[PDB]
Structure formats: structure tokens, C-alpha cells
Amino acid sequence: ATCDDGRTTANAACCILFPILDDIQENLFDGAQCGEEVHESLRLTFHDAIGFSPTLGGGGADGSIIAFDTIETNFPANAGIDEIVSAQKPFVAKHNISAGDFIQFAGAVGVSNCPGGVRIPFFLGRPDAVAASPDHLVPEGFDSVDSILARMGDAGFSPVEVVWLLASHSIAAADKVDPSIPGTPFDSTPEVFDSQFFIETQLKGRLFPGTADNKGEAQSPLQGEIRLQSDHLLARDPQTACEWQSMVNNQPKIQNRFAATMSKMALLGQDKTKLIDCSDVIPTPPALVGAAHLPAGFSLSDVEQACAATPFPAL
């Protein structure tokens, strides 16, 4: 189909996304940058979608974190999410799409701004949310591995799919884990969707980049990086360690698995056969240029190898 401004997309119902694309690239992502607003929007896709439990309810990727913000931003695991919920709300009021479509659309557009990134498949048509998520369904940085895997398993994700979704922490920082150092990132390249996150979490912890006593924080290997206790444990746990290592220096697998498992997350609570595919509206991401690496001056003896089947690669 050809839309009114002459841009084309495979399914004509998708034409309505083009003005919304332009508005968010200008006014939400500050001129299509891979910056804080993109990271916050990507985190919002997960905090919206994961509100889904067969036994308790929640409609998953349904926009409930905006439509019922009053309730869901009270949950302690949503700390800090209110800023990006407030920022997105006027876009939803002004355009003609549901909050659940908007959150996943903004997350996929945001990701496409980051070098190395992918186009997450995007479907249009989710109805407005009809219930707030239940409480206590969002994993925290201080939860054990078994707790996190049980929660993600309960929403439909295997342990390998959790590892794949955690490539999101390649373009990510924390504001609330240690409030004295907000904006400190989880890897050395928070503007680049690459395997540095899986590398650098495998390094021996050395110091705390701000204060020492913060709940859900492990020691970081670098003054300018922060480490969640969850990522520290998942990189080392026999249930996830070999998968975590396998992402290192494996950008094709990161890209393939992150797109497919993000599309699955974006569809929790929904049925794709009732929606329309508008994947082709998402911009084309830049590619990587630089090779994966240990941080300069580090070597294999600084890596805590945790996969008995396969040694950590020589980078």
C-alpha cells in the first residue's frame, strides 16, 4: 500500500503509524537518538507486558501500566517508571492508537535507533486494557535466580529466553539501584546494542561505583558501570551460565533471539492472528562497527568462567 504522504507499507491499516513514528522520533526520542528515553521505553515494554499470570490475571502487553498508572506505579518494582509513563501518556491521548500498541511501537522504534539493534516485529490493534496488573509480578534486581526463572516461566519464558531478553541490559542504566549515581549503565556501551553486557557481567566484581550497601547491587568490574545482583547471579548460575556465555561475541544470535523473544513478550495477553502486521514501519537500525572485546587492560584471568562444557572465548 502507499500512504497519503507516499511512504509505503505492506498492510494499508499501518499508514496511521507514520505520523506517530515521526512524532515520537522528534518528541519522545529527542531526534531519533539511542539515549535515556529509548532505554526507559524499552524497560516500559517489559514492565507492561510481564503483568500477566495465568492464576492471578493481568492482560500482559495491554497498556495497563499507563491506563492504570495510579495503581501500577505504586508497585515498588516500578520505581522510576512514572517518568516515562508521564512522557508517553500525551502521545496516546493525541494519536489514535491504544496505549498497549503505543508502548510496544515506541519500544521497537527506540531499539531501531541503536547501532547493532533489530526491528522487533510489531502488530497493530491491541484493545484498551480492562484490568490493572496484579501486584508483585515484576522481577527485581534482588530476587534469586530461582525466583526470577519461576516468574518468567509462569509468563511463558524458558530460562534461555530470559537470557535472550536480557540483551536489553546492553542499552540500559540504573537510577534507583544507587540513587547517588543515577544514569550509571550496565555495560560500557549503553548507546550500542552489542554483547558487551554479557562479557562485562562475567568479570570478577571489583568495587562499588557509588555507595556500598545498596539492595540488589553487586560489585561492578569498572568504576563507570553498575552491576545488578540478579545479572551477577544469572551469569554464574548453572541453569543459565552456558546460555549467558553463548551470547558473548555472538551478535547474530543476540539479534535473532532478541527480536523473536521481544515479539513474544509484546504479544503476551494478545492473539497475533487478530492483529495486523506492521513490522515494516519500524526504521532500519545502524549496524555495529567495532569488535566485541574485554575492557582494555583486562584478560581472561579476570573472567569468572561459569560454563563447564565450554571455555569462555579468547577475545
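In case it trips you up, residue 1 is the first one in the sequence shown, and so on.
Query - Mean Cα B-factor comparison, 42-50 or 279-287, giving the higher one as deposited - result: The deposited B-factors put 279-287 ahead on the C-alpha mean.
### Task
Please work out which of 185-193 and 90-98 has the higher mean CA B-factor as recorded in the PDB entry.
Here the higher of the two C-alpha B-factor means belongs to 90-98.
Going by the entry, which of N249, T70, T261, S64 has the most elevated CA B factor? The C-alpha B-factor peaks, among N249, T70, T261, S64, at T70.
Candidate set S180, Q229, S112, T201 [ranked by C-alpha B-factor, highest]:
That would be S180.
Quiz prompt | Chain-relative CA temperature factor third for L268 | solution = Its C-alpha B-factor, which the entry lists for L268, ranks in the middle third among residues of this chain.
| query | In terms of the chain's CA B-factor thirds, is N27 lowest, middle or highest? | reply | It falls in the top third of the chain.
*asked:* Ranking every modelled residue in this chain by its Cα temperature factor as given in the entry, which third contains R126?
replied: Highest third, going by the recorded CA B-factors of the chain.
Q. According to the PDB entry, is the CA B factor of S147 in the bottom, middle or top third of its chain, that is, lowest, middle or highest?
A. Within its chain, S147 is a middle-third residue by C-alpha B-factor, going by the deposited values.
B-factor third for the C-alpha atom of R236 within its chain
Answer is middle: the recorded C-alpha B-factor places it there.
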